[PDB]
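Quick heads-up: it's one chain on its own, the form deposited in one PDB entry, in structure tokens.
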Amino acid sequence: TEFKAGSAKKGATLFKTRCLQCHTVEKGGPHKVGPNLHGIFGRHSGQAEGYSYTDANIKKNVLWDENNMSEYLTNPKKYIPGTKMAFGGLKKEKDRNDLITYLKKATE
């Protein structure tokens, strides 16, 4: 119990400001730099078909829930050294919370 739900609305704007550049959340939404994330929760890293995920991703083989997703979010390259994810992360717990709640919601 190390993840508390923040604001959906809050999350929706970091997502825009911080993940839209390379990602879509919507089912039937496109793969871009990074892959579309619809249905990310419960799935293991590297399973979006039509996306050329680095070796690193695949082998990591992380299960996607709110928690894993918060450390990863703290420092990706650190959670998965190898990852072509060019993102330093999100330093604050609160901001993390917010977006995941956001992610929680839309990728559904």
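Each residue number is its position in the shown sequence, starting from 1.
- The stretch 56-64 shows the higher mean C-alpha B-factor when 56-64 is compared against 23-31 in the entry.
- Just going by the entry, 35-43 versus 76-84 on mean CA temperature factor gives the higher value to 76-84.
- Placement of the Cα temperature factor of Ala106 within the chain: middle third of the modelled residues, per the deposited record.
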